[PDB]
Amino acid sequence: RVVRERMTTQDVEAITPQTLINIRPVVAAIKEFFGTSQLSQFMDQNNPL
Amino acid sequence: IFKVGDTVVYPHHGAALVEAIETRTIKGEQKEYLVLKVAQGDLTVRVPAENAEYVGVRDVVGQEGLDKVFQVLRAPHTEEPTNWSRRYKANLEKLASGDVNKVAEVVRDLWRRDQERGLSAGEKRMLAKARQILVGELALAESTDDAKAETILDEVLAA
Amino acid sequence: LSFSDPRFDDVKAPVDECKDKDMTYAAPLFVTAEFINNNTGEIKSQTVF
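Quick mapping for you: the protein sequence lines, in order, are chains A, B and C. In the deposited numbering, each residue carries its 1-based index in the first sequence increased by 397. In the deposited numbering, each residue carries its 1-based index in the second sequence increased by 1. In the deposited numbering, each residue carries its 1-based index in the third sequence increased by 104.
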C-alpha cells in the first residue's frame with residue numbers, strides 16, 4: 398500500500414526500489430506476532446516433559 | 002556507441018560502468034540491453050540501446066567542460082526566488098536534468114546559502130546528493146583520487 | 105515493482121549469548137527487488153534488507 402502511495406507522488410525515472418520500499422510495517426508485524434499474541438506462548442519449563 | 006568497460010554517466014544516479022551488453026527478447030525481437038553498474042546504492046540498471054538517448058545517458062565531459070563548470074561555479078549575480086518551495090522545485094528540476102553545469106550550479110547556490118545560514122533537512126539532503134554526484138563525475142572525468150577530489154571541490158568552492 | 109529470491113545471513117549471536125544478554129535470536133533477511141518503467145524500458149534492480 399505504501400509502495401503504490403509513494404509511487405504516485407515521486408517523479409518517475411528518479412525512483413528506485415529502496416526509495417519505494419518501507420520495511421517498518423513488516424518488521425512491526427513479525428514483532429507483534431512474536432510478542433503479544435495468543436499462540437506465541439511462554440515455554441513451559443518445569444521438566445523436560 | 003557504448004562499449005564494455007566504458008564509464009558513462011547516468012542522469013539521476015551519476016557514474017555508471019557499462020559492464021556487459023545483454024540481448025533480451027521482448028515481443029519476439031532481440032532488443033539488446035546494456036547493463037550499468039552504478040555504485041550510489043549498488044543497483045544494476047538495464048536500458049535498451051535504442052532509448053539510451055531518450056532517457057538521456059551521457060558520456061563524461063572534457064577539460065573544456067571542466068573549465069566551463071569552474072567558470073560557472075565561480076560566478077556572481079545568482080539572484081533566486083525568495084519562496085522556499087519555488088526555489089526547491091527549481092533546483093530539483095535542475096538536478097534531475099543530468100547536466101554537469103546544472104549540478105554545479107545547484108551545489109554552488111546551496112553551498113553559499115549554507116555558508117550563509119544553514120538551510121534545512123530537505124536542502125541539506127539535496128546538497129549532499131548533488132555534491133556527491135558532482136564529485137563522482139569529476140573523479141570519473143580526471144581519474145583523480147576520490148575524497149581528494151572532494152578536497153579539490155571544497156578548495157575551488159571556497160576560492 | 106516485483107520481489108524475488110529471499111536469502112538469510114548467519115545469525116547475529118548464538119543461543120546462549122542471546123539468552124544471557126537479553127536479545128533476540130534472529131537472522132537478517134535479504135530479498136531482490138526490481139523496478140520496471142514501461143514507457144521507456146528500464147530495470148533498476150537492488151538487494152533490499
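Cβ atoms here follow ideal geometry from the backbone N, Cα and C, with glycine treated the same way.
Mapping the DSSP letters down to three states, classify residue i as helix, strand or coil.
i, result
"B/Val-61", "coil"
"C/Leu-133", "strand"
"B/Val-10", "strand"
"C/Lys-148", "strand"
"B/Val-19", "strand"
"C/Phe-112", "strand"
"A/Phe-430", "helix"
"B/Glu-81", "coil"
"B/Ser-86", "helix"
"C/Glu-138", "strand"
Pull up the CB-CB distance for residue i and residue j, whole angstroms please, since I reckon it's below 8 Å.
i, j, result
"B/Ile-153", "B/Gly-15", "No, B/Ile-153 and B/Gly-15 are not in contact; Cβ-Cβ is about 17 Å, not under 8 Å."
"C/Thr-136", "C/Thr-151", "6 Å"
"B/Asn-102", "B/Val-70", "6 Å"
"B/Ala-142", "B/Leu-96", "That belief does not hold up - the Cβ atoms of B/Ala-142 and B/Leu-96 are roughly 18 Å apart, past 8 Å."
"A/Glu-410", "B/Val-56", "7 Å"
"B/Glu-94", "B/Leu-111", "Not quite, the Cβ-Cβ distance comes to about 15 Å (not below 8 Å), so this is no contact."
"B/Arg-88", "B/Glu-81", "6 Å"
"A/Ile-420", "A/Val-400", "The Cβ separation is near 11 Å, so there is no contact."
Using the rule of at least 16 other Cβ atoms within 10 Å of the residue's Cβ for burial, across every protein chain shown, is residue i buried or exposed?
i, result
"B/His-13", "buried"
"B/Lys-90", "exposed"
"B/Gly-99", "buried"
"C/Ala-131", "exposed"
"B/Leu-37", "buried"
"C/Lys-116", "exposed"
"B/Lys-4", "exposed"
"B/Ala-76", "exposed"
"B/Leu-35", "buried"
"A/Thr-413", "buried"
"A/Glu-429", "exposed"
"B/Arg-109", "buried"
"B/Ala-17", "buried"
"B/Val-39", "buried"
"B/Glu-54", "exposed"
"B/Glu-65", "exposed"
"B/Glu-138", "buried"
Measuring CB to CB, does residue i end up less than 7 Å from residue j?
i, j, result
"B/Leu-74", "B/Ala-105", "yes"
"C/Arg-111", "C/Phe-139", "no"
"B/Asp-60", "B/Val-9", "yes"
"B/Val-107", "B/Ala-131", "yes"
"B/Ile-22", "B/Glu-30", "no"
"C/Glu-121", "B/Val-48", "no"
"B/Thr-45", "C/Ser-106", "no"
"B/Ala-140", "B/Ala-148", "no"
"B/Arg-126", "B/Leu-120", "no"
"C/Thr-144", "B/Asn-84", "no"
"B/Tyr-11", "B/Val-62", "no"
"A/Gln-415", "B/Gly-6", "no"
>> If we require 4 or more residues per run, which alpha helix (DSSP H) segments fall completely within the stretch 95 to 155 of chain B?
In response: Segments of the alpha helix (DSSP H) lying fully in the stretch 95 to 155 of chain B: 101 to 117 and 122 to 143.
> Enumerated in chain order, which unbroken segments of the beta strand (DSSP E) with a length of 3 residues or greater are wholly contained in the stretch 28 to 79 of chain B?
Replying inline: The qualifying runs are 34 to 38 and 45 to 49.
>> Using a Cβ-Cβ cutoff of 8 Å, what residues of the stretch 37 to 49 of chain B are near chain D? List them in chain order.
In response: Here chain D cannot be found, since the structure's protein chains are A, B and C.
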